[PDB]
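Visitor: Below is structure_8.cif; it holds mmCIF, C-alpha atoms.
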data_model
loop_
_atom_site.label_atom_id
_atom_site.label_comp_id
_atom_site.auth_asym_id
_atom_site.auth_seq_id
_atom_site.Cartn_x
_atom_site.Cartn_y
_atom_site.Cartn_z
CA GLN E 94 53.05 116.27 77.40
CA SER E 95 56.81 115.45 77.46
CA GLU E 96 55.71 114.30 80.90
CA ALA E 97 55.36 110.83 79.29
CA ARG E 98 59.06 111.04 78.37
CA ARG E 99 59.93 111.30 82.04
CA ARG E 100 57.64 108.46 83.18
CA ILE E 101 59.28 106.32 80.50
CA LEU E 102 62.73 107.17 81.88
CA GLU E 103 61.82 106.76 85.57
CA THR E 104 60.37 103.27 84.72
CA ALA E 105 63.32 102.36 82.46
CA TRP E 106 65.82 103.32 85.25
CA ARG E 107 64.11 101.23 87.83
CA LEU E 108 63.83 98.22 85.52
CA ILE E 109 67.45 98.39 84.33
CA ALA E 110 68.55 98.79 87.98
CA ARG E 111 66.58 95.82 89.30
CA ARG E 112 66.45 93.34 86.40
CA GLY E 113 69.49 94.24 84.33
CA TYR E 114 69.52 96.44 81.23
CA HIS E 115 69.88 93.38 78.96
CA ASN E 116 66.87 91.55 80.52
CA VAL E 117 64.56 94.50 79.97
CA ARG E 118 62.45 94.55 76.76
CA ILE E 119 60.62 97.64 75.57
CA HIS E 120 57.41 95.76 76.12
CA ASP E 121 58.35 95.46 79.88
CA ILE E 122 58.43 99.26 79.98
CA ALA E 123 55.16 99.73 78.12
CA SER E 124 53.39 97.08 80.33
CA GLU E 125 54.52 99.01 83.42
CA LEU E 126 53.11 102.28 82.05
CA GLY E 127 50.26 101.11 79.79
CA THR E 128 51.65 102.91 76.67
CA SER E 129 52.52 100.98 73.46
CA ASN E 130 55.87 99.66 72.26
CA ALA E 131 55.33 102.23 69.48
CA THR E 132 54.97 105.12 72.00
CA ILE E 133 58.30 104.21 73.69
CA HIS E 134 60.19 103.94 70.36
CA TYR E 135 58.95 107.41 69.35
CA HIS E 136 60.91 109.10 72.20
CA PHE E 137 63.79 106.63 72.26
CA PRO E 138 64.52 105.00 68.89
CA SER E 139 66.73 102.32 70.41
CA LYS E 140 67.34 100.58 73.65
CA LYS E 141 70.74 102.21 73.93
CA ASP E 142 69.16 105.70 73.89
CA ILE E 143 66.98 104.49 76.67
CA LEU E 144 69.97 103.55 78.82
CA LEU E 145 71.90 106.73 77.80
CA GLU E 146 69.07 109.12 78.72
CA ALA E 147 68.01 107.29 81.90
CA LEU E 148 71.62 107.40 83.01
CA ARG E 149 71.96 111.11 82.09
CA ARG E 150 68.79 111.85 84.09
CA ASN E 151 70.05 109.98 87.15
CA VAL E 152 73.50 111.55 87.10
CA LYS E 153 71.73 114.89 87.18
CA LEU E 154 69.53 113.80 90.11
CA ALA E 155 72.49 112.40 92.09
CA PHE E 156 74.54 115.57 91.68
CA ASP E 157 71.66 117.90 92.71
CA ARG E 158 71.11 115.67 95.72
CA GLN E 159 74.74 116.12 96.49
CA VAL E 160 74.82 119.94 96.08
CA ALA E 161 71.87 120.35 98.43
CA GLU E 162 73.34 117.88 100.90
CA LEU E 163 76.46 120.09 101.01
CA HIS E 164 74.90 123.58 100.38
CA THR E 165 76.60 125.07 103.47
CA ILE E 166 78.73 122.70 105.40
CA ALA E 167 81.74 124.86 106.27
CA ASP E 168 83.51 122.01 107.98
CA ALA E 169 85.75 120.14 105.46
CA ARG E 170 85.67 116.88 107.42
CA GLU E 171 81.91 116.72 107.80
CA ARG E 172 81.71 117.43 104.03
CA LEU E 173 83.98 114.54 103.25
CA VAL E 174 82.05 112.37 105.71
CA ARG E 175 78.70 113.22 104.09
CA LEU E 176 80.16 112.74 100.56
CA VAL E 177 81.13 109.33 101.73
CA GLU E 178 77.57 108.90 103.09
CA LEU E 179 75.92 109.89 99.78
CA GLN E 180 77.89 107.07 98.11
CA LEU E 181 76.62 104.24 100.28
CA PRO E 182 74.22 101.90 98.53
CA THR E 183 71.48 102.36 101.13
CA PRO E 184 68.31 100.40 100.31
CA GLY E 185 66.12 102.00 97.66
CA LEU E 186 67.37 104.79 95.39
CA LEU E 187 71.09 104.68 96.19
CA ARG E 188 71.19 100.87 95.97
CA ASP E 189 69.50 101.22 92.61
CA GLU E 190 72.08 103.81 91.45
CA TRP E 191 74.89 101.38 92.30
CA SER E 192 73.20 98.73 90.24
CA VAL E 193 73.34 100.81 87.20
CA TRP E 194 76.94 101.91 87.85
CA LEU E 195 77.96 98.31 87.72
CA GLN E 196 76.22 97.93 84.36
CA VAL E 197 77.56 101.17 83.08
CA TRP E 198 81.10 100.01 83.84
CA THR E 199 80.81 97.08 81.39
CA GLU E 200 78.89 99.03 78.80
CA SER E 201 81.65 101.64 79.01
CA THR E 202 84.22 99.21 77.73
CA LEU E 203 82.11 98.71 74.57
CA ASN E 204 80.25 101.94 74.10
CA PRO E 205 81.99 105.36 73.60
CA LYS E 206 78.78 107.42 74.28
CA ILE E 207 78.12 105.62 77.57
CA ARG E 208 81.88 105.83 78.32
CA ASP E 209 81.89 109.63 77.74
CA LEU E 210 78.80 110.26 79.78
CA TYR E 211 80.13 108.04 82.63
CA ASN E 212 83.57 109.69 82.65
CA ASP E 213 82.13 113.23 82.88
CA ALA E 214 79.97 112.24 85.77
CA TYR E 215 82.68 110.42 87.61
CA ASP E 216 85.21 113.20 86.87
CA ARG E 217 82.87 115.77 88.30
CA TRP E 218 82.47 113.89 91.58
CA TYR E 219 86.14 113.10 91.76
CA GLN E 220 86.95 116.90 91.37
CA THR E 221 84.54 117.44 94.26
CA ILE E 222 86.52 114.89 96.36
CA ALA E 223 89.89 116.47 95.64
CA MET E 224 88.55 120.04 96.27
CA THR E 225 87.21 119.04 99.65
CA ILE E 226 90.62 117.52 100.38
CA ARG E 227 92.44 120.70 99.30
CA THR E 228 90.03 122.76 101.38
CA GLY E 229 90.45 120.50 104.43
CA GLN E 230 94.23 120.71 103.84
CA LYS E 231 94.16 124.55 103.82
CA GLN E 232 92.29 124.52 107.22
CA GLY E 233 95.09 122.30 108.59
CA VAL E 234 92.42 119.66 109.45
CA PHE E 235 93.86 117.28 106.76
CA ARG E 236 97.46 116.13 106.04
CA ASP E 237 99.39 117.65 103.13
CA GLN E 238 99.46 114.75 100.69
CA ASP E 239 98.89 115.01 96.94
CA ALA E 240 95.18 115.57 96.95
CA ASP E 241 94.73 113.84 93.57
CA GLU E 242 96.63 110.69 94.60
CA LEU E 243 94.38 110.82 97.69
CA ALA E 244 91.07 111.32 95.93
CA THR E 245 92.05 108.46 93.57
CA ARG E 246 92.59 106.18 96.58
CA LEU E 247 89.41 107.27 98.30
CA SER E 248 87.19 106.96 95.28
CA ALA E 249 88.74 103.59 94.25
CA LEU E 250 88.07 102.40 97.83
CA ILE E 251 84.42 103.46 97.76
CA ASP E 252 83.93 101.58 94.47
CA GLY E 253 85.72 98.39 95.65
CA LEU E 254 83.77 98.36 98.95
CA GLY E 255 80.50 98.97 97.06
CA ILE E 256 81.10 95.94 94.87
CA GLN E 257 81.77 93.83 97.99
CA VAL E 258 78.43 94.97 99.44
CA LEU E 259 76.42 94.39 96.24
CA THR E 260 78.03 91.04 95.48
CA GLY E 261 77.22 89.73 98.98
CA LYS E 262 80.73 89.23 100.33
CA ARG E 263 80.57 87.61 103.78
CA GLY E 264 80.40 90.08 106.70
CA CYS E 265 80.01 93.07 104.36
CA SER E 266 77.09 95.39 104.75
CA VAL E 267 76.32 99.09 104.30
CA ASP E 268 77.02 99.53 108.02
CA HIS E 269 80.53 97.98 107.60
CA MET E 270 81.38 99.98 104.41
CA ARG E 271 80.61 103.17 106.35
CA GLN E 272 82.83 102.24 109.33
CA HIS E 273 85.64 101.28 106.95
CA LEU E 274 85.49 104.49 104.91
CA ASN E 275 85.24 106.63 108.04
CA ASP E 276 88.39 104.90 109.34
CA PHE E 277 90.28 105.41 106.13
CA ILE E 278 89.41 109.09 106.70
CA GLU E 279 90.23 109.43 110.46
CA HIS E 280 93.53 107.59 109.98
CA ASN E 281 94.76 108.49 106.46
CA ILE E 282 93.29 111.85 105.62
CA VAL E 283 92.90 113.55 109.03
CA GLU E 284 95.92 115.33 110.61
CA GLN D 94 86.28 63.96 72.52
CA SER D 95 85.26 66.23 75.45
CA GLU D 96 88.01 68.27 73.83
CA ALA D 97 85.17 70.03 71.94
CA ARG D 98 83.72 71.03 75.33
CA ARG D 99 86.90 72.92 76.11
CA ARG D 100 87.14 74.67 72.70
CA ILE D 101 83.54 75.76 73.24
CA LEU D 102 84.44 77.24 76.63
CA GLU D 103 87.70 78.90 75.52
CA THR D 104 85.74 80.57 72.63
CA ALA D 105 82.77 81.47 74.87
CA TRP D 106 85.16 83.12 77.44
CA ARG D 107 86.87 85.21 74.87
CA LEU D 108 83.60 86.33 73.28
CA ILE D 109 81.92 87.18 76.59
CA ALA D 110 85.09 89.07 77.63
CA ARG D 111 85.37 91.13 74.46
CA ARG D 112 81.77 91.63 73.27
CA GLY D 113 79.74 91.26 76.44
CA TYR D 114 77.93 88.12 77.59
CA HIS D 115 74.55 89.57 76.55
CA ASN D 116 75.74 90.42 72.99
CA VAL D 117 76.97 86.89 72.35
CA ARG D 118 74.57 84.44 70.62
CA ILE D 119 75.21 80.72 70.50
CA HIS D 120 75.51 81.05 66.76
CA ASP D 121 78.52 83.46 67.33
CA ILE D 122 80.21 80.60 69.19
CA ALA D 123 79.42 77.96 66.58
CA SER D 124 80.58 80.29 63.70
CA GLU D 125 83.91 80.74 65.51
CA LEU D 126 84.38 76.97 65.85
CA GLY D 127 82.44 75.58 62.86
CA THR D 128 80.19 73.33 65.03
CA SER D 129 76.36 73.67 64.99
CA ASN D 130 74.08 75.57 67.37
CA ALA D 131 72.84 72.05 68.19
CA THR D 132 76.36 70.85 69.15
CA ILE D 133 76.82 73.77 71.61
CA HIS D 134 73.39 73.22 73.25
CA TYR D 135 74.23 69.54 73.82
CA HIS D 136 77.08 70.42 76.25
CA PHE D 137 75.52 73.59 77.63
CA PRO D 138 71.70 73.57 77.61
CA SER D 139 71.46 77.30 78.25
CA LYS D 140 73.45 80.43 77.86
CA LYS D 141 73.74 80.76 81.62
CA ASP D 142 75.50 77.37 81.87
CA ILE D 143 77.86 78.67 79.29
CA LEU D 144 78.77 81.69 81.42
CA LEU D 145 78.85 79.59 84.65
CA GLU D 146 81.25 76.97 83.25
CA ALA D 147 83.47 79.41 81.35
CA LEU D 148 83.80 81.40 84.55
CA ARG D 149 84.50 78.25 86.62
CA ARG D 150 87.21 77.26 84.11
CA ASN D 151 88.86 80.69 84.24
CA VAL D 152 88.81 80.93 88.02
CA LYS D 153 90.65 77.63 88.03
CA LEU D 154 93.21 78.90 85.48
CA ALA D 155 93.77 82.19 87.37
CA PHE D 156 94.37 80.43 90.68
CA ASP D 157 96.84 77.88 89.21
CA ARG D 158 98.64 80.78 87.57
CA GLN D 159 98.81 82.35 90.96
CA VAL D 160 100.07 79.24 92.84
CA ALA D 161 102.89 78.76 90.35
CA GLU D 162 103.73 82.46 90.41
CA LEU D 163 104.16 82.15 94.20
CA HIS D 164 105.40 78.49 94.48
CA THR D 165 108.43 79.52 96.58
CA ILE D 166 108.70 83.17 97.29
CA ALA D 167 109.81 83.20 100.93
CA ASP D 168 109.75 86.96 101.09
CA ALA D 169 106.28 88.19 102.27
CA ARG D 170 106.63 91.58 100.60
CA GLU D 171 107.63 90.27 97.20
CA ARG D 172 104.65 87.87 97.48
CA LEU D 173 102.28 90.70 98.15
CA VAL D 174 103.90 92.71 95.35
CA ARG D 175 103.49 89.86 92.84
CA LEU D 176 99.88 89.20 94.02
CA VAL D 177 99.27 92.80 93.24
CA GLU D 178 100.98 92.24 89.85
CA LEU D 179 98.80 89.21 88.96
CA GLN D 180 95.74 91.44 89.43
CA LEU D 181 96.69 94.10 86.91
CA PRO D 182 94.61 94.06 83.75
CA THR D 183 97.64 93.75 81.47
CA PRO D 184 96.70 93.52 77.78
CA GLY D 185 95.48 90.09 76.68
CA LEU D 186 94.43 87.41 79.17
CA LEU D 187 94.36 89.46 82.37
CA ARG D 188 92.51 92.35 80.68
CA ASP D 189 90.03 89.77 79.47
CA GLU D 190 89.61 88.33 82.99
CA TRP D 191 88.77 91.81 84.31
CA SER D 192 86.14 92.17 81.63
CA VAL D 193 84.33 89.19 82.83
CA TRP D 194 84.67 90.19 86.50
CA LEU D 195 82.81 93.35 85.71
CA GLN D 196 80.02 91.31 84.11
CA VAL D 197 80.02 88.78 86.86
CA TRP D 198 79.50 91.55 89.41
CA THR D 199 76.14 92.54 87.86
CA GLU D 200 75.06 89.00 87.16
CA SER D 201 75.83 88.26 90.82
CA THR D 202 73.15 90.64 91.98
CA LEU D 203 70.57 88.64 89.99
CA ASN D 204 71.90 85.12 89.88
CA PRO D 205 72.58 82.99 93.04
CA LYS D 206 74.69 80.35 91.16
CA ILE D 207 76.95 83.01 89.62
CA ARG D 208 76.97 84.80 93.01
CA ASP D 209 78.08 81.60 94.82
CA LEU D 210 80.76 80.75 92.32
CA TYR D 211 82.06 84.38 92.36
CA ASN D 212 82.12 84.58 96.17
CA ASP D 213 84.12 81.35 96.56
CA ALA D 214 86.66 82.54 94.10
CA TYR D 215 86.97 85.97 95.58
CA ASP D 216 87.02 84.56 99.14
CA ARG D 217 89.84 82.25 98.24
CA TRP D 218 92.01 85.07 96.89
CA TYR D 219 91.10 87.34 99.75
CA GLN D 220 92.23 84.57 102.26
CA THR D 221 95.49 84.49 100.30
CA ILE D 222 95.86 88.28 100.78
CA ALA D 223 95.24 88.17 104.51
CA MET D 224 97.59 85.14 105.00
CA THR D 225 100.41 86.93 103.24
CA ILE D 226 99.73 89.91 105.50
CA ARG D 227 99.78 87.72 108.63
CA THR D 228 102.97 86.08 107.41
CA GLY D 229 104.61 89.43 106.62
CA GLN D 230 103.44 90.61 110.07
CA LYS D 231 105.08 87.61 111.82
CA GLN D 232 108.44 88.43 110.04
CA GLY D 233 108.13 91.99 111.42
CA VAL D 234 108.29 93.28 107.80
CA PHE D 235 104.61 94.47 108.04
CA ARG D 236 102.78 96.57 110.69
CA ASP D 237 100.49 94.85 113.21
CA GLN D 238 97.08 95.97 111.99
CA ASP D 239 93.99 93.77 111.73
CA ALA D 240 94.97 91.75 108.71
CA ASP D 241 91.34 91.30 107.62
CA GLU D 242 90.52 95.03 107.78
CA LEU D 243 93.74 95.42 105.76
CA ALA D 244 93.06 92.78 103.12
CA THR D 245 89.55 94.30 102.72
CA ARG D 246 91.13 97.71 102.03
CA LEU D 247 93.74 96.31 99.69
CA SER D 248 91.38 94.18 97.68
CA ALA D 249 88.72 96.95 97.49
CA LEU D 250 91.50 99.28 96.22
CA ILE D 251 92.61 96.86 93.51
CA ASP D 252 88.99 96.56 92.30
CA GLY D 253 88.32 100.33 92.34
CA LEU D 254 91.59 101.08 90.50
CA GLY D 255 90.83 98.32 87.96
CA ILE D 256 87.48 99.89 87.13
CA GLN D 257 89.20 103.26 86.63
CA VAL D 258 91.62 101.64 84.18
CA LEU D 259 88.94 99.71 82.24
CA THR D 260 86.52 102.64 82.10
CA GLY D 261 89.21 104.94 80.66
CA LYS D 262 89.49 107.47 83.48
CA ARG D 263 91.87 110.27 82.46
CA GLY D 264 95.55 109.67 83.38
CA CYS D 265 94.84 106.09 84.52
CA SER D 266 96.74 103.23 83.02
CA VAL D 267 98.08 99.84 84.09
CA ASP D 268 101.42 101.54 84.80
CA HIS D 269 99.70 104.05 87.18
CA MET D 270 97.57 101.37 88.97
CA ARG D 271 100.80 99.49 89.73
CA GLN D 272 102.59 102.56 91.16
CA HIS D 273 99.54 103.38 93.26
CA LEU D 274 99.14 99.89 94.70
CA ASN D 275 102.87 99.60 95.38
CA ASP D 276 102.66 102.89 97.31
CA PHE D 277 99.67 101.80 99.32
CA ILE D 278 101.92 98.86 100.26
CA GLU D 279 105.22 100.72 101.02
CA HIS D 280 103.37 103.32 103.09
CA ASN D 281 100.41 101.50 104.71
CA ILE D 282 101.40 97.88 105.02
CA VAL D 283 105.20 98.01 105.37
CA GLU D 284 106.77 98.67 108.81
#
For this file, write the structure as structure tokens.
Guide:
Amino acid sequence: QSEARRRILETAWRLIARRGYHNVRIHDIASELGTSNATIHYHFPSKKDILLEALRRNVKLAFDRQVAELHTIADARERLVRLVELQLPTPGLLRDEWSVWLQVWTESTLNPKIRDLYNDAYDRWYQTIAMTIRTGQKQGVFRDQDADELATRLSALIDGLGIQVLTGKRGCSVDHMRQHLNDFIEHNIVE
Amino acid sequence: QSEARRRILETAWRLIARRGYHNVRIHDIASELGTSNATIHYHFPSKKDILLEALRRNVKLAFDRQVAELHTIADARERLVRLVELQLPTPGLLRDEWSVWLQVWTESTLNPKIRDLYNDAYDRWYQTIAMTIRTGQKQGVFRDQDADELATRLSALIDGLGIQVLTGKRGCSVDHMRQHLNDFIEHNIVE
């Protein structure tokens, strides 16, 4: 019955994502599930553990989702395109993941455990970007530029465009972030 | 004696920037200044007004700072270089401004007043980016690409690189963000 652990985290994630980690009380979590404040504090002794474990659980889900989205795509350009696609804050789960990212970025600057966890996860996905570039390079489908300098650009761009979408910048949308990213690719990465 | 208003905001800014808006209590502000919780609530009836006005005050300061940094720089490339420079989270005030930005981005997704204020300020600086590109274009010092599509890229890049610096991504630093941005310029903007 560590099932109840998981319901607590799935609820916590969703509430942190939609209301803001700091506006969520443990009693908001219990209300949603019908358990007691005491139940929730048994599994997660503080609110910080709640964020840390919900985040760890989602970073696992996102990566699996990614692996299975790219299980066998031989073509290095389609891979990079779909990687880009997996990063768009489409309505629902991916939009929710972005919401947490934004929160995790400020917590990072204050919290070494959240900072560590966030850096491993980012680092892993960044290594995935660069690899795909080195692979696309070796096929001669991509230009021979420092793959790292390139993955840095590409991943910084995805993050900046994401913010523009989530903050409601005029004429931004998920549709427009996708066009933009695909153009950075066609014109700056592709041979 | 609306002087005390300003001390309250200068203190609030600094505390939100370094500890996180949600970890700051009104009594942390009063302690720092020696006024009462009651004094602070007279000028700012809620904690939200505190963030909204501190943010409004800093967005004015940042823009002035910018105007006077570019009062008369005829040369469209040096302008764009210095604009880039004004955006780096150098230790102290600029690092503090970034800290708030990151907080303002999540508050935006929940708070229409903070969202409005943040969009005007961003929009203003973005218009400044694009103008400088159109000006550099007209001098033939910059390539003729859609200035807006370009300013979007450039400003998304600055934001993504900023996050990497503040979150402590391996091998990132203010020095490296500057090199990177200057290269995006030399190679993607310059003729």
Visitor: Check what the PyMOL selection byres ((chain E) within 9 of (chain D)) selects in the file above and give those residues as number ranges by chain.
Guide: E: 111-113, 115-116, 192-193, 195-196, 198-203, 208, 211-212, 215-216, 242, 245-257, 259-263, 273, 277
Visitor: Translate the PyMOL selection byres ((chain D and resi 138-152) around 7) into a concrete residue list for this structure, as a PDB file with C-alpha atoms, keeping the file's coordinate frame.
Guide:
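Resulting contents of result-v5.pdb:
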ATOM      1  CA  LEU D 102      84.440  77.240  76.630  1.00  0.00           C
ATOM      2  CA  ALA D 105      82.770  81.470  74.870  1.00  0.00           C
ATOM      3  CA  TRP D 106      85.160  83.120  77.440  1.00  0.00           C
ATOM      4  CA  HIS D 134      73.390  73.220  73.250  1.00  0.00           C
ATOM      5  CA  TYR D 135      74.230  69.540  73.820  1.00  0.00           C
ATOM      6  CA  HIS D 136      77.080  70.420  76.250  1.00  0.00           C
ATOM      7  CA  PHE D 137      75.520  73.590  77.630  1.00  0.00           C
ATOM      8  CA  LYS D 153      90.650  77.630  88.030  1.00  0.00           C
ATOM      9  CA  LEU D 154      93.210  78.900  85.480  1.00  0.00           C
ATOM     10  CA  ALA D 155      93.770  82.190  87.370  1.00  0.00           C
ATOM     11  CA  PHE D 156      94.370  80.430  90.680  1.00  0.00           C
ATOM     12  CA  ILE D 207      76.950  83.010  89.620  1.00  0.00           C
ATOM     13  CA  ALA D 214      86.660  82.540  94.100  1.00  0.00           C
TER      14      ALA D 214
END
Visitor: Which residues come within 7 Å of range 165-178 of chain D, counting all atoms listed in the file, excluding same-chain residues fewer than 6 positions away, as a list in words?
Guide: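 What passes the distance filter is residues 225, 228, 229 and 275 of chain D.
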Visitor: Anything within 8 Å of (62.8, 99.3, 77.5): list those residues as a list in words, counting only C-alpha atoms and sticking to the file's coordinates.
Guide: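 Residues satisfying the cut-off, written out: residues 105, 117, 118, 119, 120, 121, 122, 123, 133, 140 and 143 of chain E.
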Visitor: Could you state which residues are captured by the PyMOL selection byres ((chain D and resi 183) around 12) in this file, as a CSV table (one decimal) with C-alpha atoms, keeping the file's coordinate frame?
Guide:
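The result, stored in selection26.csv:
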chain,number,residue,atom,x,y,z
D,177,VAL,CA,99.3,92.8,93.2
D,178,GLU,CA,101.0,92.2,89.8
D,179,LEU,CA,98.8,89.2,89.0
D,180,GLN,CA,95.7,91.4,89.4
D,181,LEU,CA,96.7,94.1,86.9
D,182,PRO,CA,94.6,94.1,83.8
D,184,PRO,CA,96.7,93.5,77.8
D,185,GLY,CA,95.5,90.1,76.7
D,186,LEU,CA,94.4,87.4,79.2
D,187,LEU,CA,94.4,89.5,82.4
D,188,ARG,CA,92.5,92.4,80.7
D,189,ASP,CA,90.0,89.8,79.5
D,190,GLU,CA,89.6,88.3,83.0
D,191,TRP,CA,88.8,91.8,84.3
D,192,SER,CA,86.1,92.2,81.6
D,255,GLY,CA,90.8,98.3,88.0
D,258,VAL,CA,91.6,101.6,84.2
D,259,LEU,CA,88.9,99.7,82.2
D,266,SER,CA,96.7,103.2,83.0
D,267,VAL,CA,98.1,99.8,84.1
D,268,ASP,CA,101.4,101.5,84.8
D,269,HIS,CA,99.7,104.0,87.2
D,270,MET,CA,97.6,101.4,89.0
D,271,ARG,CA,100.8,99.5,89.7
Visitor: To one decimal place, how far is CA of residue 284 in chain D from CA of residue 233 in chain D in Å?
Guide: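 CA of residue 284 in chain D sits 7.3 Å away from CA of residue 233 in chain D.
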Visitor: Could you tell me how far CA of residue 282 in chain E sits from CA of residue 276 in chain D, in Å to one decimal place?
Guide: 15.4 Å
Visitor: Which residue out of E:100, E:107, E:217, E:236 has the minimum interatomic distance to residue 279 in chain E when all atoms listed in the file are used?
Guide: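 Nearest candidate to residue 279 in chain E out of E:100, E:107, E:217, E:236: E:236.
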